[PDB]
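Sequence isn't available, so here's the structure alone:
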RNA sequence: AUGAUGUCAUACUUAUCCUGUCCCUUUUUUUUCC
Ligand SMILES: [Zn+2]
Ligand SMILES: [Zn+2]
Ligand SMILES: [Zn+2]
Ligand SMILES: [Zn+2]
């Protein structure tokens, strides 16, 4: 369980849980060709630049911790 | 546990588990209570670790198997339970201890703790030990530790194999004998758990070994033969062609020694060397088989257990190469021999042989001797066992 | 194999002799026994022999009763259970408790062996599970929960989820206890219910429990939420609710709000 | 403060006694009110271990679904001396149930709860789903009125009840079919 | 193996059994209890 | 589609000896390929490159002729970013390029 | 005392002895054998060739997973060769 | 099976000697005063034949008589 | 109106158990003579 990333426990903080679901959402975006293409349509960029901005947002999201 | 603390318990236990009159069961039960209390107590046991191991290390060397797997388990729980530095700093003074007993069982201890906390964590300790310039006994111990790590960890040695070799290599040339012997033995254990991979990691080790193969008398020689033996399957059929053809000579000459350690080694050797795809049948048929069935097939061997099994295997493989009718044809006449255990041996041998190669190779007359042999042997059964029947 | 050569009378005698072979201390004996009992169940037909199973005194624990239960299962397979169920479900009525939990087990193994065919009988078993899962004594909740599990794996994908949700209601309070067998039972239960119902409903029961002040509730709901989390982690994305952003952190994922 | 914390939520009612002790109330306030999620069961802070046998001793043993009742197995199942049992082995009689395989190929095909917004807890059985405006049949019989229950004629004069202030009962401020005369 | 400590359950059941069956039938009373014999039941009574 | 489960990025050796498969994070696996006695393709047992808390931008096969194969893994570590409440590690953190070396003889994958 | 080794799953086929022959490993059940067992040669090697995944006897057959563990996808975790918490031999 | 006869015989004996003891919707025996559950009625009866069960009836006796 | 402490007692659970199993404990002052 521990070595499986995303494992929660009783002491789990807000920040960690939400940054988890963030990163997992981003791996889903990298995963599904379409939804990615939807993103590229809406905000106009390349598929590439989209995935790049996401890979930048992987570590950050929500910004600094508390 | 958390209430009373480890101190009072062990103070009131270790005398009992140390008792001269101790049972089998009572022992095992006190082992159980030591486990169950050591699933809880973690930081607490630090002062008692040695005070535990002293009683427990005798469990590792024992005639009972279940006692051994228990012992390895509880030392695993202790080392992992305590800290690395706790174990290390604990167990040093037993390395140079006068008695070799504690040195040995201590080596198996380091094997267990190294399985617990992993090889790389404990490496610098060892690599420091085998280079100790004080006295040889230490290096002997540490090398034995390398071995027992090889046996215990086994297949999982693979990643650190290189570093381990780089440690052990310096003992092969040492002035003391033991260190050389146990060293090359440890190489053997490695390669046997190294089944084929990492050949070049053993690389720098070879050239001395082969040289030693020339000049040695006694047990150390046989040990080298053990190592080289497990090595050869890991070489290339071209290099191992030459090197093998060199080993075959000494292998031949050395069949005749009364040493049973010898006969074990050279036996398993003959398996690996002559079970090589790059070896020619006729050469074995001429040079080997007649001395092989002469010296090796005798009533000294079969009465023993390990020699029995290993003999079975080696003979099976020789059949796997030279073919069926040869081996069987030579050993059929022994089905009618007086003793049981011997008959049992040739019987299970015929069994495995005809299991693998198939009966198609067998001619007619030898088949008459077969069926008659099998009936005859089957008609006299002192004990109940499958070997004759499955056979 | 042959089974015709022998008249039925001999067979039923074989039955009444087979019944006490279940005292065997060996597992393979019981194995062959139950499988045979299925074979002769084919040679005769269900009703009589399943009645002879329901005769059982239950007298000792395991070592065994539940082997007779297995016979009830395999017997229910050998000819359609589509016949057999009403007798059993009626035999839950009996006030003797250990045979009540017995027939609960019979349903468990029953669905385990039938698999897909439970797309119908789910309804029949549903109210009885209601009565059983509503607790007389812990073993009821446990065994009934196991039934919910195997049912839940078996029916998957065929569109019966509704009644499984209803049963999930009554399953849900049992989450809390320290008894190992009932807690691991409930775990298996909610796992099968996870795959059958789909994660969304699960998570909608598991949200509030995560952050609740008490330690207990958090321990458990986080255990559950982990069980839901490891599998189907890919499909969870949509169902995380909207959580407002605080000072130092932005907790809104705006990607989903991009509109063409 | 548990006071002011109740100003930050759309449905502050969700905040409770021990809620103010939460490690992160500033969230749990926002979760517990999530749209379709369901409340945590209430059996904790009650130390009773989730059940007792008070109300559970008055329950029926079980009752079959009507689809299984029409079948007729119920009457077939229902006693024996020991020597009759060893005679039942030596004699043995076959075909006591003698079910109709047509019938048990019929019922569950030819013939043959709650929504998500509900969850069970310990003592709850009947009550929530006898209320002002909702009564049982028989007590209608004792009352003897043919298809308002007549003291909701006096709920005209004396006024709406203090006990259930939210009340509506038919014909007065509540503009009724079958039994249920008020909601 | 049968021998052991006397239990309130065994002892009360012994009261009831002795009341129902009578003093002179011990084998019948030992039949109901487990892990106890007739001699032990009689001597336990008297 | 997972965070830690491979299949995301895919690379292979020019000589086709060993194919390397990778996820976005934490798991990079290798399957070694050798034709059978009949020259029909047989696949080996997997290996493990596991490196904790490491994001993989892209993986590309590397050319070494009849050598111990190399692989180019773009990586980054967020473990610096999670433990830095200030937000400095958000900046001042450069993605690490690492070449893994498969080794046939030692039959593992070492950084 | 007895728990999985959970080393990475290889291509080696599982081997069960006489005793364990029919059992699906994790669910402990005999029902619906469907898919096949894989364990690493680190767990299966040498004296473990054709060894039982459990007791340590010679394997007479190959373990098949149930359909239950299939849909719950447990068969994809680390190699389910039980190790006693001493050595494996 | 002989074991089955004992269960039957020890229920009837605890029925004879028997107003508080009952059987719940399950099979267990219960004392309705003390709210105790009994494995066997005779085992339950002894608790029913005990001095604590005695008291709690008297206490409820007084508690009603007031 | 079920808290805690007690080696009273009985039910019950887990298709757990009851047949598998001996194989690297071989540890010593090097020492087998055309
Ligand atoms: Zn492994
Ligand atoms: Zn086995
Ligand atoms: Zn399974
Ligand atoms: Zn009472």
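Yep, that arrived. Residues are numbered from 1 along each chain as shown, chains lettered A, B, ... in the order given. Ligands and ions are numbered 1, 2, ... in the order given.

Could you give the number of residues near the residue of chain G found nearest chain B?
Of all residues in chain G, residue G:86 sits closest to chain B, at 3.5 Å by Cβ to the nearest Cβ. Using the backbone N, CA and C atoms, a C-beta is placed for each residue, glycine as well. Residue G:86 is flanked by 21 other residues according to other Cβ atoms under 10 Å in any protein chain shown.

Leaving out the residues flanking it, which one is nearest to residue 1?
All of this refers to chain A. Distance criterion Cβ to Cβ, 6 or more residues apart in numbering or on different chains; nearest residue to residue A:1, sequence neighbours excluded, is residue A:7 at 4.8 Å.

The intended chain is chain G.
Counting by Cβ to Cβ, 6+ apart, residue G:1 lies nearest to residue G:85, which is 5.2 Å off, once chain neighbours are set aside.

Can you verify my assumption that the one you found contacts residue B:77?
Yes: look at residue G:85 against residue B:77 with Cβ atoms under 8 Å: they come within range, at 7.4 Å.

ok, these two, which is more surrounded?
Counted by other Cβ under 10 Å, residue G:85 and residue B:77 do not tie: residue B:77 has more neighbours, with 20 against 15.

Relative to chain E, how far out is the nearest residue to the more buried one once chain neighbours are set aside?
Excluding the flanking residues, the one nearest residue B:77 by Cβ to Cβ, 6+ apart is residue B:38, at 5.2 Å. Distance from residue B:38 to chain E, counting by Cβ to the nearest Cβ, to the nearest Å: 35 Å.

Thought residue B:74 was touching residue B:38, still the case?
Yes: the criterion here is Cβ under 8 Å, and residue B:38 meets it with residue B:74 at 6.9 Å.

now the farthest one out in chain H, which residue is it?
Distance from the C-alpha centroid of chain H, by Cα atoms, centre = their mean, peaks at residue H:66 (26.2 Å).

where does residue F:58 land in three-state SS?
Under the three-state scheme (DSSP: H, G, I helix; E, B strand; the rest coil), residue F:58 adopts strand.

give the contact list for it.
F:9, F:74 (Cβ atoms under 8 Å, 6 or more residues apart in numbering or on different chains).

10 Å - rerun?
Shown in contact with residue F:58 (Cβ atoms under 10 Å, 6 or more residues apart in numbering or on different chains): A:51, A:55, F:8, F:9, F:11, F:22, F:72, F:73, F:74, F:75.

Then residue H:18?
Contacts of residue H:18 by Cβ under 10 Å, 6+ apart are E:16, H:41, H:45, H:48.

In a markdown table: the residues you listed, plus secondary structure and distance to ligand 1.
Formatted as a markdown table, these follow (DSSP: H, G, I helix; E, B strand; the rest coil; distance: Cβ to the ion, whole Å):
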| residue | secondary structure | distance to ligand 1 |
| --- | --- | --- |
| E:16 | helix | 62 |
| H:41 | helix | 55 |
| H:45 | helix | 57 |
| H:48 | helix | 58 |
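
follow-up on the earlier one: mind listing what the residue of chain G closest to chain B touches?
B:66, B:68-77, B:112, B:115, B:152, G:1.

for residue A:26, same thing?
Residues near residue A:26 by Cβ under 10 Å, 6+ apart: A:51, A:54, A:55, A:57, A:58, A:61, C:237, C:253, C:255, F:3, F:24.

Residue B:72 against residue B:60, yeah?
Yes: here residue B:72 reaches residue B:60: they are 6.8 Å apart, a contact under Cβ atoms under 10 Å.

any shared contact partners between those two?
By Cβ under 10 Å, 6+ apart, the residues touching both residue B:72 and residue B:60 are B:108, B:109, B:111, B:112.

which one is the last one nearest to, not counting chain neighbours?
By the measure of Cβ to Cβ, 6+ apart, the closest residue to residue B:112 outside its immediate chain neighbours is residue B:75, 4.3 Å from it.

Helices of chain E, start to end?
Per DSSP state H, chain E carries helices over the ranges E:8-21, E:26-32, E:38-45.

Just list what the shortest one packs against, helices and strands only.
In this structure, helix E:26-32 makes packing contacts with helix E:8-21, helix E:38-45, helix H:2-16, judged by 3 or more Cβ pairs under 10 Å, 6 or more residues apart in numbering or on different chains; DSSP states H and E.

Of all those, which one is nearest chain F?
helix H:2-16 (54.1 Å).

Just checking that closest one against chain E, any contact.
Yes: counting by Cβ under 10 Å from any Cβ of the partner chain, chain E is contacted by helix H:2-16 at H:2, H:3, H:5, H:6, H:9, H:10, H:12, H:13, H:14, H:16.

Run through the residues that contact the closest residue in space to the fourth one that isn't next to it in sequence.
Pointing back at residue H:6 there. Once flanking residues are discounted, residue H:6 sits nearest to residue E:32: 6.8 Å by Cβ to Cβ, 6+ apart. Contact partners of residue E:32, counting by Cβ under 10 Å, 6+ apart, are E:10, E:13-14, E:16-17, E:20-21, E:41, H:5-6, H:9-10, H:13, H:42.

Kindly write the PyMOL command that selects the buried subset of these.
To isolate the buried members of these in PyMOL, using 16 or more other Cβ atoms under 10 Å in any protein chain shown:
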select buried, (chain E and resi 10+13+14+16+17+41) or (chain H and resi 6+10+13+42)
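
of all of chain F, which residue lies closest to ligand 2?
Chain F approaches ligand 2 most closely through residue F:45 (23.7 Å), counting by Cβ to the ion.

pretty sure that residue contacts residue G:13?
No: using Cβ under 10 Å, residue F:45 is not in contact with residue G:13; the gap is 11.9 Å.

more crowded one of these two?
Neighbours per residue, other Cβ under 10 Å: of residue F:45 and residue G:13, the larger number sits with residue F:45, 17 against 14.

What backbone torsions are found at that one?
With angles defined as degrees, to the nearest 10, residue F:45 sits at phi -80, psi 150.

ok, now residue F:54?
phi -140, psi 120.

try residue F:32
Dihedral angles (degrees, to the nearest 10) for residue F:32: phi -100, psi 140.

For chain E, give me its nearest residue in chain F.
Closest point on chain F to chain E, by Cβ to the nearest Cβ, is residue F:45, at 56.4 Å.

mind checking how far the nearest residue to that residue once chain neighbours are set aside is from residue G:78?
Of all residues not flanking residue F:45 in the chain, residue G:10 sits nearest, at 3.7 Å (Cβ to Cβ, 6+ apart). Per Cβ to Cβ, to the nearest Å, residue G:10 is found 11 Å from residue G:78.

before we move on, the earlier item: check whether the residue nearest to residue A:1 sits in a helix, strand or coil.
coil.

how near is it to residue B:361?
For residue A:7 relative to residue B:361 (Cβ to Cβ), the value is 60 Å.

do the same with residue F:69
Taking Cβ to Cβ, one finds residue F:69 at 44 Å from residue B:361.

Comparing these two, which residue is more hemmed in?
It is residue F:69, of residue F:69 and residue B:361, that has more neighbours when counted by other Cβ under 10 Å, with 26 against 15.

can you tell me which residues contact that one?
F:11-15, F:17-20, F:30, F:32, F:61-63, F:100-104, F:109.

Just the residues you listed: which are in helices?
Per DSSP H, the contacts of residue F:69 never map to helices.
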